[PDB]
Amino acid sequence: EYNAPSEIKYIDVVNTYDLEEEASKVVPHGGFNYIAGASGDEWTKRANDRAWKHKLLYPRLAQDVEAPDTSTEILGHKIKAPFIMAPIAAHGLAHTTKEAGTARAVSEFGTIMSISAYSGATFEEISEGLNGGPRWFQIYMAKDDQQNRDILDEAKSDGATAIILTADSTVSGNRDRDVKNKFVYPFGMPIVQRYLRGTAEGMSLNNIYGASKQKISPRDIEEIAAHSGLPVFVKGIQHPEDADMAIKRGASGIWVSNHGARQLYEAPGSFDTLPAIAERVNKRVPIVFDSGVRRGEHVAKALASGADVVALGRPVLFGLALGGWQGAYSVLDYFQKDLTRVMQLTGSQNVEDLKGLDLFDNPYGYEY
């Protein structure tokens, strides 16, 4: 019923935008539009991308810099570059090796794998791809407390070193592409099957989101943190008040995100929200930033604006479609090399120097 790409190969990445059109040629139409699409007419996905032009980098000269070092550390994980893999459902829509292929790319590159609760691969299949590499587990909460305890226990037993509480998808965004394509998952989700009584095959993402917890409160952040004894990130924050609340409720990290514009429509581009959240967090917990990172310049601008790392999403999945783990790896390698150039030209010898950059305010925005 669904013929995902299966080829494994490295790819020469000139830029990540060209990956979308290239992946559209190999991924079945429904699955491709599920990955690529966003809410409404995609104005907020375009805002995620255009937001990068609001704050511009300065080249700096005679900075006494050579061979920049992209390495960093988050929550006692040394990682090769200040980016991690975002939790994304259903990698089998992009490639037959699915989450095992993404996990292999992430572990081979040397950063953190985020596992979606809506993975099409089992923990065992992902663990094989990770080969001991670090992993964080993203929970889409069951309504039943005991199922959450069981899901958290499974993830920590698999070796999770943080929990990502995604709270921005209590209902689906208005994803017009998936509505027009009448898109359903063509395979099961082994980690959350328990609270879908039946199977996730042939279900819409409405009824799967529907089966998850709508009435998430701060108590949920407390209780995940107490049960897991792991640091909890709260993912989907765009308003600084939610960051303050999440920290006061026991979060160990803030994950600034609008879900790649797949949720609330006619909202700001995610990067525009970051400085106000970073100023409110004021160093209390680490910040992960995502939603629209496409270039090394974007990684640099996020760090300059208060993020400790960024999370990568669609570009990595498009690489997986085009080359399996080697194609996904190629995208991670592109971001690392792209950032190294940006570090050299900005006078940045290391990731801490990036955090110290001043940005040029562009009040004209995209058209200039």
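In case it trips you up, residue 1 is the first one in the sequence shown, and so on.
Look at the mean CA B-factor for 58-66 and for 308-316 in the entry; the higher one is 58-66.
Set 333-341 against 26-34 and average the Cα temperature factors; 26-34 ends up higher. For the set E73, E266, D178, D272, the PDB entry puts the maximum C-alpha B factor at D178. Which of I79, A89, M203, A276 has the largest Cα B-factor in the deposited entry comes down to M203. Ranked by Cα temperature factor within the chain, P240 sits in the middle third according to the deposited record. Remark: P218 belongs to the highest third of its chain, ranked by C-alpha B-factor as recorded. Per the deposited record, the Cα B-factor of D353 falls in the lowest third when ranked against the other modelled residues of its chain. When the CA B factors of the chain's modelled residues are split into thirds, the value for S291 lands in the lowest one.
Sorting the modelled residues of the chain by their CA temperature factor places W255 in the lowest third.
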